[PDB]
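Chemist: sequence plus experimental coordinates follow:
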Amino acid sequence: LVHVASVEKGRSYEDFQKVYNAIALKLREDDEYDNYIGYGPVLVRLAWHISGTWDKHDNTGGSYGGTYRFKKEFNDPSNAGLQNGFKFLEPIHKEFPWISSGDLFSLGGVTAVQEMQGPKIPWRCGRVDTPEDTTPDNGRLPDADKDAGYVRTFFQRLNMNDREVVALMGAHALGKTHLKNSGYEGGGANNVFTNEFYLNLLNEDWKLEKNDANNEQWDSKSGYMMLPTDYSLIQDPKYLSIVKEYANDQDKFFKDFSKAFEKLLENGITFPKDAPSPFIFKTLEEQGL
Ligand code: HEM
Ligand SMILES: Nc1ncc(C2CC2)[nH]1
């Protein structure tokens, strides 16, 4: 099964920078969302969930087809809460109806990371909407109540190795869990992209507690939390080494996250030899906007 990137007709870097800017401007404007966290973290989560359905074995799922717009995927229990991100992007799509859904969802994640002072994430256009019957079934996104072996095996389906997994999980520095969405509660409620996930893992005093949904999670007296799958990154000795590396090198984390996140968002897509090079968008701050 082959998905060939097809550039939206006649569009170039400047068109996509305009879409980026519209997303970024709305991120700045709609600041009250989720007790003043803003929409950044949920947009990152959305970009990950639309990509994380991919299966390397048959090239089903993935960001290309924009299938999150269809009920089956929209209503995946694993996607509870992401409707907020979709609603945020609706007026963007209305203004720029020419962008494909997969391009919009993935660009939303890139824009959020960058606007939250994260690394630059190169981004490529050309995802093409595919029909409702191409929507992957529910159950391809990961469970949070599992151990390191589960995480490692799960991510093999996405063609991610240990370093890539540990780098991607650093996104859990952003936002928070919500009991009604996932059965977990708490989080740093941060909207600035840093390597603090790793510092928190290594430096906090963690206690295994049950939350009000009767699920186990690790809590610190400082008020942070970790999912069992997060905590597994310090229980497994291979993951632990990488956690220590990223806790001790902000730049290395940024560079590795950028590569892994672009890869995640591009899995399943064949880029023609003459496709445009990846775009690196300027932030609003860099543009003086
Ligand atoms: C084993 C892998 C993973 C598991 C089990 C997992 C699980 C979860 C859960 C349960 C939540 C809370 C949802 C809610 O209650 O609203 C969450 C939130 C979040 N996840 Fe993950 N996740 C994983 C990997 C990732 C990856 C790879 C990324 C991105 C690179 C990511 C980005 C986020 C973000 C940004 C949030 C916060 C969303 C918000 O504040 O609304 N996650 N994750
Ligand atoms: N450390 C940590 N694990 C999960 C979270 C929240 C969902 C963002 N924070």
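Modeler: Here it is on my side, so go on. Numbering: from 1, shown residues only. Ligands and ions are numbered 1, 2, ... in the order given.
Chemist: alpha carbons only for contacts and neighbour counts from here, please
Modeler: Will do.
Chemist: who in the stretch 51-200 of the chain is up against ligand 1?
Modeler: Residues of the stretch 51-200 of the chain found near ligand 1 (C-alpha under 6 Å from any ligand atom) are 81, 142-144, 151, 168-169, 171-172, 174-179, 181-182, 184.
Chemist: find the closest residue to ligand 2 in the stretch 151-289 of the chain.
Modeler: The minimum distance from the stretch 151-289 of the chain to ligand 2, using C-alpha to the nearest ligand atom, falls at residue 176 (3.8 Å).
Chemist: count the neighbours of that residue for me.
Modeler: When counting by other C-alpha atoms under 10 Å, one arrives at 21 neighbours for residue 176.
Chemist: so the closest residue to it other than its chain neighbours, which state does it fall into?
Modeler: Ranked by C-alpha to C-alpha, 6 or more residues apart in numbering and with sequence neighbours excluded, the top spatial neighbour of residue 176 is residue 187, at 4.3 Å. Under DSSP: H, G, I helix; E, B strand; the rest coil, the three-state class of residue 187 is strand.
Chemist: counting contacts, what elements does the helix or strand where the residue of the stretch 151-289 of the chain closest to ligand 2 lies pack onto?
Modeler: Using DSSP states H and E, residue 176 sits within strand 175-177. If contacts are counted by 3 or more C-alpha pairs under 8 Å, 6 or more residues apart in numbering; DSSP states H and E, strand 175-177 sits against strand 186-190.
Chemist: in CSV, list the C-alpha atoms belonging to the strand it packs on.
Modeler: Output of strand 186-190 as CSV, limited to C-alpha atoms (Å, rounded to 0.1, in the frame of the first residue of the first chain):
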residue,chain,number,x,y,z
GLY,A,186,-2.4,15.7,37.0
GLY,A,187,0.7,16.9,35.2
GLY,A,188,2.9,20.0,35.1
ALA,A,189,0.3,21.9,33.1
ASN,A,190,3.2,23.5,31.3
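Chemist: roughly how far does residue 106 sit from ligand 2?
Modeler: Distance of residue 106 to ligand 2, given as C-alpha to the nearest ligand atom, to the nearest Å: 18 Å.
Chemist: how about the strands in the chain?
Modeler: Per DSSP state E, the chain carries strands over the ranges 3-4, 175-177, 186-190, 206-210, 216-220, 225-226, 269-270.
Chemist: the first one pairs with which strands?
Modeler: Based on DSSP bridges, the strands next to strand 3-4 in the sheet, each with its direction, are strand 269-270 (parallel).
Chemist: got it, and the fifth one?
Modeler: Its sheet considered, strand 216-220 pairs with strand 206-210 (antiparallel), strand 225-226 (antiparallel) by DSSP bridges.
Chemist: could you dump the ones you listed to a markdown table with mean neighbour count and distance to residue 98?
Modeler: Converted to a markdown table, the strands paired with strand 216-220 look like this (neighbours: other C-alpha atoms under 10 Å; distance: least, C-alpha to C-alpha, whole Å):
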| stretch | mean neighbour count | distance to residue 98 |
| --- | --- | --- |
| strand 206-210 | 15 | 47 |
| strand 225-226 | 27 | 40 |
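Chemist: run through who's touching stretch 240-260.
Modeler: With contact meaning C-alpha atoms under 8 Å, 6 or more residues apart in numbering, stretch 240-260 is reached by 118-122, 163-164, 166-168, 170, 194-196, 198-199, 202, 233-234.
Chemist: kindly report the same for stretch 50-63.
Modeler: 1-2, 66-68, 102-103, 105-106, 127, 134-136, 140-141, 157-159, 264-268.
Chemist: equivalent analysis for stretch 137-152, please.
Modeler: With contact meaning C-alpha under 8 Å, 6+ apart, stretch 137-152 is reached by 49, 52-54, 72-73, 76-78, 154, 161-162, 165, 215-216, 227-229, 232-233, 235-236.
Chemist: now it, how far from the centre of its chain.
Modeler: 15 Å (C-alpha atoms, centre = their mean, to the nearest Å).
Chemist: what do you get for stretch 134-153?
Modeler: Offset of stretch 134-153 from its chain centre (C-alpha atoms, centre = their mean): 15 Å.
Chemist: count the neighbours of residue 36 for me.
Modeler: 12.
Chemist: typo on my end, it should be residue 147
Modeler: By the criterion of other C-alpha under 10 Å, residue 147 has 17 neighbours.
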